[PDB]
């Protein structure tokens, strides 16, 4: 029996005036599979915000998002706990539709994190909007991805810069698994292959 639960995104309805996923609102994402709206994850979430009586977000509770398979809007991640090497909280995210876009441009934005891999092992479609992945000083694998297989509209482009050097990534063992096709990988394991050779 397959069940699907739709929930409001950040900025919409129950989260009308929220800036980010935070300690107070994150419980309301439990069992959600489809986000009708956007998800913002900002630095505010982690240091807390007394002005809104919002305490700091416990990083373990991000794992609530593991049930999200779809996002109609965009995914913006601008802060993430250091001790997490990837975005496994979104390891089951399949689709980002991008009906709404950040700055009217981006459907997926991963900025200034310390991750070493994206880990979006389940991502199969970014229907609209651009992808920006910059400033992640330790992030490898991002350049291997064949984004054209994931896009859906015409002028979708990427902006992937100022991450970990490909040479430094290849120098270390951080390269797609030998079972991965030339379509890239989200990480070093076969589960992280976009497609298997």
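Numbering follows the first chain given and starts at 1.
Chemist: Which is higher in the entry, the mean Cα B factor of 168-176 or that of 45-53?
Modeler: Per the deposited B-factors, the answer is 168-176.
Chemist: Divide the modelled residues of the chain into thirds by Cα B-factor and specify which third, lowest, middle or highest, holds residue 88.
Modeler: Top third by C-alpha B-factor.
Chemist: Lowest, middle or highest third: where is residue 152 by C-alpha B factor in its chain?
Modeler: According to the entry, residue 152 has a C-alpha B-factor in the chain's middle third.
Chemist: Where does residue 161 sit by CA temperature factor within its chain: lowest, middle or highest third?
Modeler: Tercile = highest for this residue's CA B-factor.
Chemist: Which third of the chain holds residue 70 when residues are ordered by C-alpha B factor: lowest, middle or highest?
Modeler: Lowest third of the chain for residue 70's C-alpha B-factor.
Chemist: Relative to the other modelled residues in the chain, which third contains the C-alpha temperature factor of residue 132: lowest, middle or highest?
Modeler: For residue 132, the deposited C-alpha B-factor lands in the lowest third.
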